[PDB]
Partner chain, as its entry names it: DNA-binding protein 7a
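So this first bit is one chain, no partners, the form deposited without its partner chain, shown in structure tokens.
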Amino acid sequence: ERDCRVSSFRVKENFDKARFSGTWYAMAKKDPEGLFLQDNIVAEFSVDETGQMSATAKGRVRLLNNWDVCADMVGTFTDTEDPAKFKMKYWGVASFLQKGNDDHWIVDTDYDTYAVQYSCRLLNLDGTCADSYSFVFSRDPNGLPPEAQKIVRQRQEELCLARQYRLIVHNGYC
């Protein structure tokens, strides 16, 4: 019944980069293929005077043969015609860390409590996403209040992802 075409997904009306700035703790993640950020994931968003949004992120990543490292990542956002949809160029402070460019959508936020982010890296031929990821962020590292949690679950369902998240732990690893 429900529409899982990426082109159908609503995103945050009138998204305000300035209001979104500061520290966001990842509470939950839906992983893409070949997942990178594992846990202890914390993002820091900024906007400069030209209106350009950027971010940094810290988190544990586990490169194969199970060698744990705290990745330190950088992202810069190019605006599109939709104020809530961006192209995110990203890299690690270390050369060998994963680099790339992903769509970055702010699906919903109330700026001071919760945010839902979404990226489709590759479409299916029917317009659904073949390879997606999604973060749920909280301003409080101890989690969302119930009213926000309930809104977020609705958005997760609207993205056709609600069954596919895992919780992100924070335990000072970094």
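Numbering follows the first chain given and starts at 1. In this text, rigid core is short for the largest set of C-alphas that superpose within 1.5 Å between two forms. Only residues modelled in both forms are compared.
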property	result
Of 112 to 120 and 33 to 41, the one with larger mean CA B-factor	33 to 41
Stretch exceeding the other in mean C-alpha B-factor - 3 to 11, 165 to 173	165 to 173
Maximum C-alpha temperature factor, selected from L125, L144, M53, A28	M53
Top residue by Cα temperature factor, when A148, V47, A130, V136 are compared in the entry	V47
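The same protein also exists as the form solved in complex with its partner chain; that form is not shown, yet it is the one meant from here on.
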{"query": "Contact segment among 111 to 119, 142 to 150, 129 to 137, 56 to 64, judged by heavy atoms lying within 4.5 Å of its partner chain in the deposited complex", "finding": "56 to 64"}
{"query": "Exercise: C174 in contact with its partner chain in the deposited complex, heavy atom 4.5 Å", "finding": "yes"}
{"query": "4.5 angstroms heavy atom contact with its partner chain in the deposited complex for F45", "finding": "no"}
{"query": "4.5 Å heavy atom contact, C70 and its partner chain in the deposited complex", "finding": "yes"}
{"query": "Close approach of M88 to its partner chain in the deposited complex, 4.5 Å, heavy atom", "finding": "no"}
{"query": "Interface residues of 2 to 40 toward its partner chain, as seen in the deposited complex [heavy atoms, 4.5 Å]", "finding": "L35, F36"}
{"query": "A94 C-alpha moves between the shown form and the other one by 2 Å or more, core aligned", "finding": "yes"}
{"query": "Per-residue C-alpha change between the shown form and the other one, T50, threshold 2 Å, rigid core fit", "finding": "no"}
{"query": "Exceeds or equals 2 Å, Cα of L125 between the shown form and the other one, core fit", "finding": "no"}
{"query": "Pair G100/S95, Cα separation in the deposited complex versus the displayed form, closer or farther by 3 angstroms or more", "finding": "farther"}
{"query": "Closer or farther in the deposited complex, the Cα atoms of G22 and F96, when the shift from this form is 3 Å or more", "finding": "closer"}
{"query": "Core-referenced shifts between the shown form and the other one - contiguous stretches of at least three, CA at least 2 Å", "finding": "63 to 67, 94 to 97"}
